[PDB]
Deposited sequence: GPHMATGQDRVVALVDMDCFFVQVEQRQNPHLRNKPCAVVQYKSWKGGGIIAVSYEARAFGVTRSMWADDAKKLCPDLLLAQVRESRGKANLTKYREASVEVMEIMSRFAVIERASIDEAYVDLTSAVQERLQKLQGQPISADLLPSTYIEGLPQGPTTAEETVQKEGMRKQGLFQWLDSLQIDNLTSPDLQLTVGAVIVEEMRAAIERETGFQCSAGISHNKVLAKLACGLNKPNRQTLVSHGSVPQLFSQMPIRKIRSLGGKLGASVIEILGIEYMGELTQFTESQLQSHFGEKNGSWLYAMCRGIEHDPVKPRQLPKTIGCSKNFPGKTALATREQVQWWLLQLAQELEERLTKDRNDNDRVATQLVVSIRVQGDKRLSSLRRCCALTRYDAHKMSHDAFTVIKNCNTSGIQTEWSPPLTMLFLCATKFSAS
């Protein structure tokens, strides 16, 4: 009763850019705007691999991981933009710089946690408290929430158009709000959504990029909410919406349950939906999935999660890798050294820029390889000191730490992947 926490203590948003690499390319090249379009890496093998897809192209069935030649079978007029290639590999610099544009705008509203190249979590609890004090008991107009969906509404007794439904649900929600009581979680989420509308408007005005967002009480629900009405919309998932939302929600849709652990939850417990987890005791879940996973699942299926929005706007590592599939696997010592150099040169360029922008220096170099035949993504990891931002030195050091893996002037078994990653940053 009065002592059961409900995980309604925070307001958390997740902002995720819509078809992000495609929008970067469409901003640059107006000929690509409002067209079925995709971004590809490489070109020689089957037209290149698609990594981002405009919503117009998705309507034809084009997806990420598809070869462009195959995508063109579904969508003959598909337009393509190619990722920059430097030193023999795809180079994502343009998208990292566009990401910085967006993250710097978001950081004006609140502390953000950079969760990927195109998304960040936002802890809005304080901003909401401030805005509720500014508001002075004044009701919130639907005009302040022009692109917001309230998950679960409308319910109960222009209904056949999407925007009509969005407005009906929003009206039900605002009609129900207690705009007195500044401690109401639903009111806090609603003010959060007002702020997120402002944040998304700022991103679009100042960059040209559209994005979606989720607003809820924690990161998992915010992330889930964001995807519910992409693109160019935001979704509020209230605590009270959780039981119905989760009652038909496949377990794999919840962040960190998309892989083996989620599969084992389904297999061991014989369930399909997140809500079914509520029927197990915390001890039962811990016995199957461990203390940490069990406690997390027990709270998460009730809409409760405590993972904090970490104050971290910058990546903690700077890495780059290249695959060498099938017959292209590296089979000579010289080949291995040349590609280690190419990777080290990209890494040096990125590290030097990072040191100037962010007042820090990496202190450890991590080298990872994959050998032909190994089913695992990475076969071996080794590390060494990173004492100078020098590509020739870094590539020589990586070779020194991996050369004894060579069973064999010849390299055996051939290498199917190289990976250099700078880690352990200290202030400079």
| property | result |
| --- | --- |
| Regions left out of the model, expressed as runs of the deposited sequence counted from 1 | 158-161, 413-415 |
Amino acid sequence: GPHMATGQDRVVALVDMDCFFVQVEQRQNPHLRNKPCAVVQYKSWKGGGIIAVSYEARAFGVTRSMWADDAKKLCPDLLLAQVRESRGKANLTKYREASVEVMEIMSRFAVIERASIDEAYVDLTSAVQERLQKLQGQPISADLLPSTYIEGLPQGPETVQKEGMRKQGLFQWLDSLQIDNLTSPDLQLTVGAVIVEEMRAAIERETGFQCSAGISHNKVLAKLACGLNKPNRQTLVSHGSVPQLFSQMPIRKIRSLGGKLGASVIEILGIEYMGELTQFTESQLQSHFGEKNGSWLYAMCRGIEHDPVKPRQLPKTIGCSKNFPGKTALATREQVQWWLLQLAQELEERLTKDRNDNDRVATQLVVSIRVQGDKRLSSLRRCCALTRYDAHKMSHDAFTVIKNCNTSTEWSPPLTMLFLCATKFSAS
From here on, numbers count along this sequence of modelled residues.
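Rigid core (definition): largest C-alpha set, two forms, superposition within 1.5 Å.
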query	finding
Stretch with larger C-alpha RMS deviation in 8 other deposited structures of this protein, core superposed, 182-190 versus 208-216	182-190
94-102 against 171-179 - segment lying farther from this form in 8 other deposited structures of this protein (CA RMS, rigid core fit)	171-179
Residue 158 coordinate gap across at least a third of other entries	yes
Between the two ranges 272-280 and 136-144, the one averaging a larger CA B factor in the entry	136-144
Mean C-alpha temperature factor, higher of 106-114 and 127-135	127-135
Highest-ranked of 160, 237, 251, 220 once sorted by CA temperature factor in the record	160
Among 121, 298, 339, 246 - the residue whose C-alpha B-factor is largest in the record	339
Third assignment of residue 387 from its chain's C-alpha B-factors	highest
For residue 209, the third of its chain into which the C-alpha B factor falls	lowest
Relative C-alpha B-factor of residue 101, binned into the chain's lowest, middle or highest third	lowest
Residue 329 - Cα temperature factor, lowest/middle/highest third of chain	highest
CA B-factor ranking of residue 27, expressed as a third of its chain	lowest
